[PDB]
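Residue numbers (the numbering used here), protein chains in the order written: chain F, 8 to 95; chain C, 386 to 451; chain U, 88 to 193; chain A, 336 to 452; chain G, 2 to 71. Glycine is no exception: its CB is placed at the ideal position from the N, C-alpha and C atoms. Notes follow once the structure below has been shown.
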Amino acid sequence: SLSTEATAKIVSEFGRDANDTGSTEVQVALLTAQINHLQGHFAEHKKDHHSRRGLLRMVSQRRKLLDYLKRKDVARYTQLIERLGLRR
Amino acid sequence: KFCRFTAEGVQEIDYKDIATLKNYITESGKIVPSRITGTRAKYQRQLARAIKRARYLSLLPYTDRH
Amino acid sequence: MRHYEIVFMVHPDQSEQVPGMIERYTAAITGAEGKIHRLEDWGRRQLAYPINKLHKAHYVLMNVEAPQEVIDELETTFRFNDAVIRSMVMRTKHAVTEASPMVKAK
Amino acid sequence: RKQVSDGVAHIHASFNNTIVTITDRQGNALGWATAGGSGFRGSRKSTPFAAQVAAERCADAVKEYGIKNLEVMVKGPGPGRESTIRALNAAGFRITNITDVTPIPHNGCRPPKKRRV
Amino acid sequence: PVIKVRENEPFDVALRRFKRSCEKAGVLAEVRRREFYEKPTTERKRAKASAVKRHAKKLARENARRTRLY
RNA sequence: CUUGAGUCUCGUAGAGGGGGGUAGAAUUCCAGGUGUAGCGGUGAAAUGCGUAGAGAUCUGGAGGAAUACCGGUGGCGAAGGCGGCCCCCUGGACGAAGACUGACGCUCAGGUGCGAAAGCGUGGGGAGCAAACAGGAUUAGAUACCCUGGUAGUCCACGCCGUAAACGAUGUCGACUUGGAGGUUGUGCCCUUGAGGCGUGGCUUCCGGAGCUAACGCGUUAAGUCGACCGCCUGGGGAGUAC
RNA sequence: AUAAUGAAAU
C-alpha cells in the first residue's frame, strides 16, 4: 500500500485541511494513486490472479464515488477529473 | 498446562539459544509434541521455526546417525 | 533503510584473514551511509555434521542497517568467495544491541 | 589367515528372508549365511528359528580369524531382529554395541499401489 | 537407537534397553505405513474417523457412570 | 441529520498469491575394493536376475521428484485450492481511542472474469510407478483380481478445453427469539495475595430447549419468526437423446 | 487365495 508520507501529501493537496481525510476528492485521489502504482507490478507478474481482485475492487469503488459526485455537484466533478487526467 | 515461555513473558525464541532448545528435542533429534511438554500453540510454532534455523546453521543435528 | 542480521562461516585453515574480511565488509557498509550495531567473532567451533568432509568452522555475527543494494552486493561477494562455506541473511524489525548467548556462557 | 579380534555383524531382516554378514571394522567381508540356504524353503523361511540357525552357521564359518569383540547393526522389520542377536551372544562373542540403521525418507519417492487381494 | 553396553552390565538388560529405545523412536510404525501409496481422500477420512470415535467413546464412558447395573 | 456505507493514525496472527536462491534424509544408475552360492517373489509357485561373480558390505561421482518429526475435528482464501529454510514484489481480515464525508445502499436477466483430475498443440526434461502392451500363474474358461517387466502421462515455459457425488446434495443481504461444555486469535480494570480474579470483541467443533418437519432430524453459524431481489420444478421410460 | 446357476402361477 501507499506510505505515510505519500498519503499525507495527497491529503494536504486535495483536502480542505490536514484533517479532512474523508472527502470524496481525497478518496478518489488516493485510489487513483494506488491504481497507477500497481501497473508496474502487473506488467511483470501476469499470472498473479489473487492480487488482481483487489485492483478490480479499487476500480469499482472509484467509479461509484465519481457517479455520486457528478450527481451532487457538477463543477467540482469537472475540476477533479481535469486535475487527475481521467477520461477515455 | 504449564508453559515456561508464558510464565516468563518472552517475545521471541532466539535460534541462538542452544541450551534452551535442547530441552525440546528427543535423542534422535526430533521435535517433541506439545501435548507432552505443555507448551502453548503460539510458542510451539515459534519453537519449530527456531529449531529449523539452527539445523540449517549446523548448531543442531538432523538425525542421530550422520 | 532496513535492519539485517548476518552470520557466516569460514574454512578453519584460513582463520588468519578474518580481520581483513571484517574490515572490508564494514567499510563497504559504512561508505553507503549505513551503521553497524553489533559485531561478534565466535572463533572455531565443532560442527554438528560434516560439510565437505570438514569440521571446525570459524563463525562471525553482525547486526547492521543499510539499503538493499549494498546487501545484494555483499551476497554476491559471499557467493563468489571460496573461503566462505555457508552464510545466512535475515530481516529484523528493530536494531539489536544486546550481547548474544554465545558471549555469556562460552 | 590374518587375525582381527574386532568385528561388525550386519543383519538384513525382511518379511521373506534373513541375511547375516560378518565384516571387519572397515567394511571388508569375511563370511556370510542366509535362512534360505540353511535348509528352509517357502513358509519356513520367514521364521525366527531359521534366523537362529543361519546365525549359528555364520559364526561357524568365520572361526579361522579369531574374533573376540562384535558390534551389531540391524536393518528391517521382519522376524529375525532378536533371535540373531541372541544366537550371536550364545556362540561366545562379547557384544559392545547395538544400533538400528533402518532407512527412512523425509518424503521422497512414491511407493507402489495397494494390493486388492 | 544407539546403545553402549555399560561396564558390569549384563546382556539381557542391554537387549531390553534396545527394544525400549526402538519402540520409543517408532521405526516399525513408519516402515509399515510407508509400504503402499495412500490417497489424500483416504488420509483425510481416516483422520476424521479416528477423532469422531475418540470423542463419542469419551462421552459414552463419562455418561455411563450415572447408572446402576444391579 | 448520523445510527447504514466508506477514508485517516498505531498494532496483531496466518500452508493467501507471483518471482529467485539454498539444505538434509531416502530410491535408481555409473566406476572400484572384500567375498561366495544363492537372490527375489507368493496362499503355494515360476517368468526374472547369478560362477561372464549376483544378493550383502565399504569408498567416489551423476541426475530430478517430494519436503518425516512439529501436526491438531489447528490456520488462510470468493470458490477451485494452499505445508522444509531465506530474500524481493504484492492482496484481504481483526482490535483499542479519536477525527472526517454525509444515504454515497442491497439484489442483479443479458455481459465479463476465475475455475480439481484426465485430455490437446509447440519446445524442453525424465529418479520413482503407471493406462496400453508382453510373459509366469489361477480357472470349466479368465481379454480380470495376484507376480515379473514396461511407454504415453505424472515435472517445466507458453497457449487451448470449461467439465466433477465442483456436496453442507442447503443462493445473497438485514433484523428478532431460553441454555451447557471446548478450540483459536485480540484487548480493559484490579480485590492485591505478582500469580491470580472480574469484563468486552472476531472466527470455529459438539450436545441440547421452545418452534418446525412425512419421518429421519435442524435448533442464535436454523431446516424457527419476518422483509428485498434472483435462479429452478410439475408422473416413470424414450432423453439431457435427435435435428 | 479363487470358486457359477434355479420358467410362470397358487
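**Q.** Under 7 Å (Cβ pairs) to chain A, residues found in the stretch 38-51 of chain G
**A.** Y38
Q. Per the contact definition of three or more C-beta pairs closer than 8 Å, is the stretch 390-406 of chain A in contact with the stretch 2-13 of chain G?
A. no
Q: Please name the residue or residues paired with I433(A) in a DSSP beta bridge.
A: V407(A), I4(G)
Q | Top-ranked residue by Cα proximity to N43(F), from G22(F), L62(F), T28(F), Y84(F) | A | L62(F)
(Q) Quick check on DSSP: helix, strand or coil for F95(U)? (A) strand
Q.
Taking its Cβ as the centre, do 16 or more other Cβ atoms sit within 10 Å of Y38(G), making it buried, or is it exposed?
A. exposed
Q: Please decide whether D341(A) counts as near chain G, where near means a Cβ-Cβ distance under 7 Å.
A: no
**Q.** Cβ neighbours of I88(F) in the same chain (closer than 8 Å, five flanking residues each side left out)
**A.** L73, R94
Q. What is the rounded straight-line gap between the Cα of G342(A) and the Cα of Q133(U)?
A. 29 Å
**Q.** Segment limits, alpha helix (DSSP H) that includes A386(A)
**A.** 383-395
Q) Which one or two residues does DSSP pair with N363(A) in a beta bridge? A) According to DSSP, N363(A) bridges with nothing at all.
Q | Buried versus exposed, by CB contacts within 10 Å (16 or more), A425(A) | A | exposed
Q. Interface residues of chain G around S443(C) at Cβ under 8 Å?
A. Those within 8 Å of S443(C) in chain G number zero; the least Cβ separation is about 20 Å.
Q) Whose C-alpha, out of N352(A), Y400(A), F375(A), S373(A), is nearest the C-alpha of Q338(A)? A) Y400(A)
Q: Can you grab the Cα-Cα spacing for the pair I354(A) / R420(C), in whole Å?
A: 41 Å
Q: Identify every residue that forms a DSSP beta bridge with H451(C).
A: Beta-bridge pairing links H451(C) to no other residue.
(Q) Going by DSSP, what residue range makes up the beta strand (DSSP E) through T184(U)? (A) Note, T184(U): premise wrong, no beta strand (DSSP E); not H, not E.
Q | Inter-stretch contact (C-beta, 8 Å, three-pair minimum) for the stretch 429-444 of chain C and the stretch 135-143 of chain U | A | yes
Q: Using 10 angstroms around the beta-carbon of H145(U), count the other beta-carbons present and answer buried if the total reaches 16, otherwise exposed.
A: buried
Q: State the Cα-Cα distance for the pair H347(A) and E417(A), rounded to the nearest angstrom.
A: 12 Å
Q) Going by Cα to Cα distance, which pick from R376(A), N363(A), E406(A) is closest to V6(G)? A) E406(A)
Q. Measuring CB to CB, does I4(G) end up less than 7 Å from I430(A)?
A. no
Q: Could you tell me the boundaries of the alpha helix (DSSP H) in which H52(F) lies?
A: Here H52(F) belongs to no alpha helix (DSSP H), and DSSP marks it neither H nor E.
Q | Residues that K5(G) contacts on chain A, provided the C-beta gap is smaller than 7 Å | A | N432
Q: Tell me whether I402(A) is buried or exposed, calling it buried when 16 or more other Cβ atoms sit within 10 Å of its Cβ.
A: buried
(Q) Less than 7 Å between the C-beta atoms of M175(U) and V105(U), yes or no? (A) no
Q.
Across the stretch 380-387 of chain A and the stretch 352-367 of chain A, are there enough close Cβ pairs to call them in contact, namely three or more that are closer than 8 Å?
A. yes
Q: Mind listing the chain U neighbours of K401(C)? Cutoff is C-beta to C-beta under 7 Å, in chain order.
A: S187, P188, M189
Q) What does a CB cutoff of less than 7 Å around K386(C) pick up in its chain, not counting 5 residues either side in sequence? A) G423
Q. So who's on the other strand from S174(U), going by DSSP bridges?
A. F95(U)
Q: Consider the Cβ of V14(G): report whether some Cβ of chain A lies at a distance smaller than 7 Å.
A: no
Q. How is the alpha helix (DSSP H) around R376(A) delimited, first residue to last?
A. Element bounds for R376(A): n/a, residue is neither H nor E.
Q | Bounding residues of the alpha helix (DSSP H) (the contiguous stretch that carries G342(A)) | A | Segment 341-348 is the beta strand (DSSP E) holding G342(A); no alpha helix (DSSP H) there.
Q) Within 10 angstroms of its Cβ, does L141(U) collect 16 or more other Cβ (buried), or is it exposed? A) exposed
Q) What are the residues that DSSP puts in a beta bridge with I357(A)? A) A344(A), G366(A)
Q. Any contact of the stretch 148-166 of chain U with the stretch 425-437 of chain C, i.e. 3+ C-beta pairs under 8 Å?
A. no
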